[PDB]
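Chains as they are written, first to last, in PDB author numbering: chain G, 1 to 171; chain H, 1 to 171; chain E, 1 to 171; chain F, 1 to 171.
Down below is the structure, laid out as structure tokens.
Protein chains: 4
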Amino acid sequence: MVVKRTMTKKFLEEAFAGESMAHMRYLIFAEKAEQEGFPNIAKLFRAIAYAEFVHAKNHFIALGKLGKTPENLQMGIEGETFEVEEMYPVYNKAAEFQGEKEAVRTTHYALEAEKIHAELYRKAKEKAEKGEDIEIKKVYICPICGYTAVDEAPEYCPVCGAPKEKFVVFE
Amino acid sequence: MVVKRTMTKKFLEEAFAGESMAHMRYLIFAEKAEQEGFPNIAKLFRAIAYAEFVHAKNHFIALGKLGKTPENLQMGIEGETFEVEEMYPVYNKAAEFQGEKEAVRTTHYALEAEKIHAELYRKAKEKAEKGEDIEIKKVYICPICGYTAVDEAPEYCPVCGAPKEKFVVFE
Amino acid sequence: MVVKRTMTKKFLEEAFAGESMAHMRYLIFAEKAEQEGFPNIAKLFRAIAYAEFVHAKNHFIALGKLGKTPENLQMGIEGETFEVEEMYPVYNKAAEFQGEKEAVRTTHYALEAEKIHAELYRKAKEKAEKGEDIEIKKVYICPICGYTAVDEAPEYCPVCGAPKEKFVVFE
Amino acid sequence: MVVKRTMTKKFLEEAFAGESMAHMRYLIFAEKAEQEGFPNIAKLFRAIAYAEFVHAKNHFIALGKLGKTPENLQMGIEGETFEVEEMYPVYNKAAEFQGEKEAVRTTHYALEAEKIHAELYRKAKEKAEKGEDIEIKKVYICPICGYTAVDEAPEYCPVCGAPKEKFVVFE
Ligand SMILES: [Fe+3]
Ligand SMILES: [Fe+3]
Ligand SMILES: [Fe+3]
Ligand SMILES: [Fe+3]
Ligand SMILES: [Fe+3]
Ligand SMILES: [Fe+3]
Ligand SMILES: [Fe+3]
Ligand SMILES: [Fe+3]
Ligand SMILES: [Fe+3]
Ligand SMILES: [Fe+3]
């Protein structure tokens, strides 16, 4: 059963946030580990990242935030709406005011790529509240700007300008 | 250049935290979607999670926290030590005092399964600054509690008693 | 009109928190300043603390949480209930587990003296929704572990045992 | 002895923040209460606010953040520098971007009056490390924009435009 007392709820939320941070950091370290002359350290990094994922999933289930697929899609829709309507524009404008190139560039990349996720989730929710699965194949993702390309893949990136060969395929 | 202003650094740290949380949530959503008759929505969730990973990696690179393997290995060691020694016993004590079965069980699993990551990382560091690669193969991870079993794997999980075949191998 | 946007609401809440912390810090600084040989620096600290109070009051008015007293007492009642019931026992248990004399002593002084505020506020609210002011006089307070003594004053503080002459009277 | 373990430090810092918030809220409620037909409610509000101040002071001393006046003034100097350089300009620009009148007005009042506090603290500090007290009298504070006037007080407020009769005297 979901926890009700406030303090244990706060503690579990903080634990989930920490475990997610740890898993993401380990994933980031693994890429550089495999990019250097130590191919077998990325194995350990990915295994322990999976362990942190398991811990975070256990914490998430403990709070009882998981339901059916339509509710998960609704939560994703709300999260995506908050990430490209309120947070990122303000962060980009603050970074412009303070005058630093890297933060402005990163938020520029992240600001223009999040507008599609909400549409995809809404389509999935409209097609999932009845008993049927959507049709999709060979989703392309950029490794430099995170740009969701569905089915067809543009020859060059309309955000950074990377060639189509550089993309990663999820099928 | 690395971000030196305080407000932009705080903004980017919060954005990194949000992206990591979103990526973890999307991975959990995909895991749930595989369990129902929607194999394609799991693909969509995985692709969007990889996009969130790219966003968070760009945010992490902007802050300049990434370097060579010894430094991020030491960072992982510090994080694991902090997680095992201080936070988890306190959370377990608080959950025991308030009296939630789920929080106590999850914290018990976490504090009993997280003890080996620090030792593994500590050993690995003193070989990744001289120039060689670690000799570890075929790592095992439990899918319920998450206990890193290196090379050989026990017949049953000492923490939860899961069968051997349930283990997720990495090689 | 009240502030409706989420991001700027969060910004104003954080600013209010910072102003309150600064005002508390200045009020604490003034007491030590007057304890030494500088009676004018205490005056400067008091004036600057009042300026911070004005800032925080403006921030509070902007967010729109201040209104008529009959409904205003409810926020204080809820805050006192949360402080006495949930937050403080957990902190006391954690400080006992980690083993710090100062934290345990401070929490023990805290939870045992915060119990009367909720009762006083409930009585004030249920006597003050008809247009009449409550009949109360000479509220006493201990200067070490403040225990809200109403009207009459005990000879010694039941919590710390301080003499009666040290009580700070309000009239 | 100062608290050294991390979790107790976090808990005590959160408690201090909560107590400061409670004190400020109670002060504002008292000021509203005395503005209407109930005079004696403000007495109770101010008494319990003093109790919250005592609790916050105990928590602050527990973390051992208090020293002599020379070093005490440094914390105020740094706080004012951060408040007037980083936080308020960014908050004002964000409020301008989102387009709300109240937040822009409050931040405009706040950012134009905090520049003199750092100078006052520095002037007090240079005279404090030698062993003597500064000379100051009749400090005026505006009650609708927080504006520190030293000795002489202008006829009209150069920020809001209030007459010099409305000010409050801190002697
Ligand atoms: Fe963990
Ligand atoms: Fe996103
Ligand atoms: Fe791209
Ligand atoms: Fe297990
Ligand atoms: Fe301020
Ligand atoms: Fe209280
Ligand atoms: Fe007492
Ligand atoms: Fe209180
Ligand atoms: Fe200030
Ligand atoms: Fe003014």
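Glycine included, C-beta positions come from ideal geometry on N, C-alpha and C.
- For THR6 of chain E, DSSP assigns no beta-bridge partner whatsoever.
- The beta carbons of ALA94 of chain G and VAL3 of chain G sit no closer together than 8 Å.
- Shortest Cα-Cα distance from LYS166 of chain G to any of G:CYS142, G:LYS130, G:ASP151 and G:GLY146 involves G:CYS142.
- Listed as beta-bridge partners of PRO163 of chain F by DSSP are F:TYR156.
- Between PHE53 of chain F and chain G, the shortest Cβ-Cβ separation is not below 8 Å.
- The Cβ of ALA47 of chain F sits closer than 8 Å to at least one Cβ of chain E.
- In the DSSP assignment, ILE141 of chain E forms a beta bridge with E:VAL168.
- Straight-line spacing of the CA atoms in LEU44 of chain E and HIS23 of chain E works out to 13 Å.
- Just so you know, the alpha carbons of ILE134 of chain E and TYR140 of chain F end up roughly 34 Å apart.
- Between the alpha carbons of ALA56 of chain F and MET21 of chain H lies a gap of roughly 33 Å.
- Contact of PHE11 of chain H with chain E by beta-carbon distance below 9 Å is absent, the smallest such distance being about 11 Å.
- Under the DSSP assignment, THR69 of chain G falls in the alpha helix (DSSP H) whose first and last residues are 69 to 82.
- Of F:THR69, F:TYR109 and F:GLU78, the smallest CA-CA separation from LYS127 of chain F is found for F:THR69.
- Those residues of the region 74 to 98 of chain E placed with their C-beta closer than 7 Å to a C-beta in chain G are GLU86, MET87 and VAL90, ordered along the chain.
- When the alpha-carbon of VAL168 of chain E is set against those of E:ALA51, E:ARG105, E:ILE144 and E:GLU36, the nearest one is in E:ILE144.
- In this structure, the beta-carbon distance from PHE60 of chain H to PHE16 of chain H falls below 8 Å.
- Neighbours of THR148 of chain F in chain H, taken as residues whose beta carbon is under 8 Å from its own, are absent, since the nearest beta carbon is some 25 Å off.
- Of all alpha-carbon atoms in H:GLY18, H:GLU19, H:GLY37 and H:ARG46, the one lying nearest the alpha-carbon of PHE29 of chain H is that of H:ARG46.
- Bridge partners of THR148 of chain F according to DSSP: F:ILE141.
- Per the coordinates, the alpha-carbon of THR106 of chain H lies some 7 Å from the alpha-carbon of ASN58 of chain G.
- The C-alpha of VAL159 of chain G lies about 8 Å from the C-alpha of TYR147 of chain G.
- Exposed is the label assigned to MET1 of chain H, since fewer than 16 other Cβ atoms lie within 10 Å of its Cβ.
- When C-beta distances to chain H are compared with 9 Å, the residues of the region 14 to 26 of chain G below that value are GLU14, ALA15, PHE16, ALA17, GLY18, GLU19, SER20, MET21, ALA22, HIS23, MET24, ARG25 and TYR26, in chain order.
- With contacts defined as CB atoms closer than 8 Å, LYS164 of chain G and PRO154 of chain G qualify as a contacting pair.
- Every residue with a CB closer than 6 Å to a heavy atom of ligand 5 is listed here in chain order: E:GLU19, E:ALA22, E:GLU52, E:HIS55, F:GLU83 and F:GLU114.
- Look at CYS142 of chain H: its beta carbon is less than 7 Å from one of the heavy atoms in ligand 4.
- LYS127 of chain F: member of the alpha helix (DSSP H) spanning 115 to 128, first to last residue.
- Secondary structure note for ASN92 of chain G: its alpha helix (DSSP H) is the uninterrupted segment 88 to 98.
- Counted as a single uninterrupted DSSP element, the alpha helix (DSSP H) harbouring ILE41 of chain F occupies residues 40 to 62.
- For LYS101 of chain E, the enclosing alpha helix (DSSP H) has its first and last residue at 101 to 111.
- Residue nearest to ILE136 of chain E within the set F:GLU152, F:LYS125 and F:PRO39 is F:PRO39 (criterion: CA-CA distance).
- Here DSSP, grouped into helix, strand and coil, assigns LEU27 of chain G to helix.
- For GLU36 of chain F, the neighbours in chain E by C-beta distance under 8 Å run, in chain order, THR69.
- Annotation: Cβ neighbours of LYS32 of chain H in chain G (cutoff 8 Å, chain order): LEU66, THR69 and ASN72.
- The straight-line gap separating the alpha-carbon atoms of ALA113 of chain G and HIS108 of chain F is approximately 34 Å.
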